[PDB]
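Here you get one chain, nothing else, as structure tokens; it is the form deposited without the named molecule.
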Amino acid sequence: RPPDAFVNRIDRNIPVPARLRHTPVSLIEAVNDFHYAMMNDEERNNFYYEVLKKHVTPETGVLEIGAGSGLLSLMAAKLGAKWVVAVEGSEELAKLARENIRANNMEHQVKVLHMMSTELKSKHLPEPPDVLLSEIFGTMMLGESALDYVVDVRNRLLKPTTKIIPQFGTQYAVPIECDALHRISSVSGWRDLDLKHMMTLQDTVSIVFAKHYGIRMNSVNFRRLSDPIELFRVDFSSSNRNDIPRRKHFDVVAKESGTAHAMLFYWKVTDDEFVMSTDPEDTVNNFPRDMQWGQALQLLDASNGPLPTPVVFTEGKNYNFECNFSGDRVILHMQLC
């Protein structure tokens, strides 16, 4: 029995069925928090199937990294791949993947290795793969270090003809006015009681996922105040970290007048004609995508005074932003200059 069995931290007066009792809590949390939603993102599933269908033949060797519960590897097998190797760092997720493979009678076709992709070596595979497959995107595109993990494998285990799926990713930002967001991230007072001192603590640094506010952008009123800002784009078959500057500057032309409460972040991943987007405009009828990825937000302070200063846009004016990145390019920040 695992040290972290689900039943352990449940009150003894509360019933727990057998199927849950001796399963590690981390697995139950991961599957319930993320995996059902991912598996119900029908557009994500169709995207990967269609891109794979262009490349998988009975002579195709397929490697998936960050395989999780293994759905995309099942797809490669479904399309008739010569062999599939799925790599998953979580021991329990790896076992779960093996169960799904067993359930679909694909044990002869799909093998799961419990290890990080960084530990993977040529000897662990029958031959260099014809296809490298992954879905390791975050709410921020590079949020789960997708570029770093793909680059590491790309440097070591592939061959010149290997197709990397998906090929392209672009990270966007757009300044938005959003009164609902403003009302859970600021305060001025209550009647004659002054609460402005609370604003000293306003976090205009962190990137926060909409989920963490409890908010779904598609279910609140917000206004984009400019055309999208392309923060950076990568080609996963060729880009490296140094293709993204540690600091960039953007000239943002206001198309609307309003208060830029926040920068809204979303992304778009493509391969040939197929597209997987977290732009709210593309997710209005994709509730599972909005729950699993959603969008990210950073509150904006116009200056660096003792209190934050609202970023106010007037239609037709130019606004300069400085975007700073962490060394792994996973974390960024937008500041009005």
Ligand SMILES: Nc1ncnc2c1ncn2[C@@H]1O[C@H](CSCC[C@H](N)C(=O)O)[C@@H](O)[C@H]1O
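Start at 1 and count along the sequence shown; that's the residue number.
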property	result
Given 49-57 and 266-274, the range whose Cα B-factors average higher in the PDB entry	49-57
Which of 117-125 and 242-250 has higher mean CA B factor, as the PDB entry lists it	117-125
Member of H261, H197, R154, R191 with the greatest C-alpha B factor (per the PDB record)	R191
Residue of maximum C-alpha B factor among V131, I101, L181, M217, per deposited coordinates	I101
Where the record places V7 (Cα B-factor, split into thirds across the chain)	middle
Third of chain Cα B-factors occupied by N324	lowest
Chain third (lowest, middle, highest) by recorded CA B-factor, residue given as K211	highest
Entry-reported Cα temperature factor of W83, expressed as the chain third it lands in	highest
Where the record places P17 (Cα B-factor, split into thirds across the chain)	highest
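One more form of this protein, deposited with the named molecule bound, exists but is not displayed; see below.
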item	value
Partner contact for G80 in the deposited complex: the named molecule, 4.5 angstroms, heavy atom	no
Heavy atom of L297 within 4.5 Å of the named molecule in the deposited complex	no
Touches the named molecule in the deposited complex: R289 (any heavy atom, 4.5 Å)	no
Proximity of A262 to the named molecule in the deposited complex, heavy atoms at 4.5 Å	no
Option from 89-97, 166-174, 246-254, 183-191 whose residues, in the deposited complex, bring a heavy atom within 4.5 Å of the named molecule	89-97
In the deposited complex, the one of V151, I207, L125, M115 near the named molecule [non-hydrogen atom within 4.5 angstroms]	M115
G66, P280, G61, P308 - the one with a heavy atom within 4.5 Å of the named molecule in the deposited complex	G66
Contacts with the named molecule in the deposited complex - residues in 19-36 whose heavy atoms fall within 4.5 Å	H35
Rigid-part agreement of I207 with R246 between this form and the one not shown	yes
